[PDB]
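Please read the structure below before turning to the comments.
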Amino acid sequence: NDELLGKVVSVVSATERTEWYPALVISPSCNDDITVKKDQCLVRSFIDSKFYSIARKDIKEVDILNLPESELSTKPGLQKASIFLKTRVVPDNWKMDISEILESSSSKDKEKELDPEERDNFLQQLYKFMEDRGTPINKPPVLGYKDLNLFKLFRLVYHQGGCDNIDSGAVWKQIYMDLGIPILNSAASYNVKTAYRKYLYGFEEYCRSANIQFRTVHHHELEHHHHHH
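Residues 645 to 873 (the numbering used here) are what the sequence shown spells out, left to right.
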């Protein structure tokens, strides 16, 4: 059923396929202390361990919410999975207050074409996933004393080719500037880099590793603007 998609999988209790605990296949680049070996995968258990390295032999991928509720409800790990997943891995079913996420997030009613529905989805997914990885939103997206439109920064960076494609501090500056937040000084360059790197690092890592973010912007050798030296 493909574990490697970065979805929820069953991590069994080594021998018991009966009792297992679901986890999410994630990038081991999110965890510096755990490191992945070729036979193992990096899974985040929403129910138990936030980062653990387990061999793919002990991992049987499954769509937890696809399984019968009688099965789920009898095994707490499977049940909570059903609960946890329905609110963060399925399209319509993603629900958290979009206004708690930013402020209001302008999700009142939508502008087609001009506004990407992906924004709301992304904010929602990131907020859910932020909490379950042990690096939750302890501070809301505000940057430079004002509301930080998280998806704008994502879109902006993505428009620069992606953060994997960002080599210049000028870009972090430019993305921060596009939000309309006063760049002030280099501390704000720090701010924006920190923001993207803590809030979006998971999706970033996955996005850049699975080749989603990649544009001609960073497909060059020489620059048109020689860097200040």
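Where a beta carbon is used, it is the ideal one built from N, C-alpha and C, also for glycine.
- Which partner residues does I703 have in the DSSP bridge list? DSSP output for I703 lists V655 as bridge partner(s).
- Message: If I measure Cβ to Cβ from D811 and keep anything under 8 Å in the same chain, skipping five residues before and after, which residues do I get?
- Response: Result list for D811: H862, in chain order.
- For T731, which three-state DSSP category applies? Annotated three-state conformation of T731 is coil, per DSSP.
- Query: Since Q804 sits in a beta bridge, which residues does DSSP pair it with?
  - Reply: Note: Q804 sits in no beta bridge, so no partner.
- Task: Would you kindly check if the distance between the Cβ of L770 and the Cβ of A839 is under 8 Å?
- Result: No; because the gap between Cβ atoms is not below 8 Å, this pair is not in contact.
- Item | Residue interval of the alpha helix (DSSP H) (run including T662) | Segment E660 to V669 is the beta strand (DSSP E) holding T662; no alpha helix (DSSP H) there.
- Reference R732; option with closest CA among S717, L668, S743 and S748: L668
- Message: Can you give me the C-alpha to C-alpha distance between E761 and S748, rounded to a whole angstrom?
- Response: 15 Å
- Message: Could you compute how far the alpha carbon of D808 sits from the alpha carbon of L794?
- Response: 17 Å
- With DSSP collapsed to three states, give me the class of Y820. helix
- Item | Cα-Cα separation, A854 to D683 | Roughly 19 Å separates the two Cα atoms.
- Which same chain residues, not among the five before or five after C851, have their C-beta less than 6 Å away from its C-beta? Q857
- Query: Between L729, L746, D822 and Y843, which lies nearest to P780 when the distance is taken from Cα to Cα?
  - Reply: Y843
- Got a sec? Which residues, its chain only, sit under 6 Å from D692 by beta carbon, not counting five neighbours each side? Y665
- Query: In angstroms, rounded to a whole number, what distance separates the CA positions of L828 and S743?
  - Reply: 28 Å
- Cβ pair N765, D707 closer than 8 Å: no
- Query: Short check: CB of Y820 to CB of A831, under 8 Å?
  - Reply: no
- Message: Please return the same chain residues whose Cβ sits closer than 6 Å to the Cβ of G778, not counting the five positions on each side in sequence.
- Response: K694
- Going by beta carbon distance, what residues of the same chain come within less than 8 Å of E775, once the five residues before and after it are set aside? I781
- Give the single residue among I745, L800, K724 and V734 whose Cα lies nearest to the Cα of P784. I745
- Message: In this structure, how does DSSP classify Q684 when only helix, strand and coil are distinguished?
- Response: strand
- Query: Per DSSP, what kind of secondary structure is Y840 in: helix, strand or coil?
  - Reply: helix
- Look at the alpha carbon of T860 and the alpha carbon of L823, and state the distance between them as a whole number of angstroms. 23 Å
- Query: What's the gap between the Cα of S671 and the Cα of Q723?
  - Reply: Inter-residue distance for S671 and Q723 is about 25 Å (C-alpha atoms, whole angstroms).
- Query: Hey, would you say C674 sits closer than 8 Å to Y845, going by beta carbons?
  - Reply: Yes.
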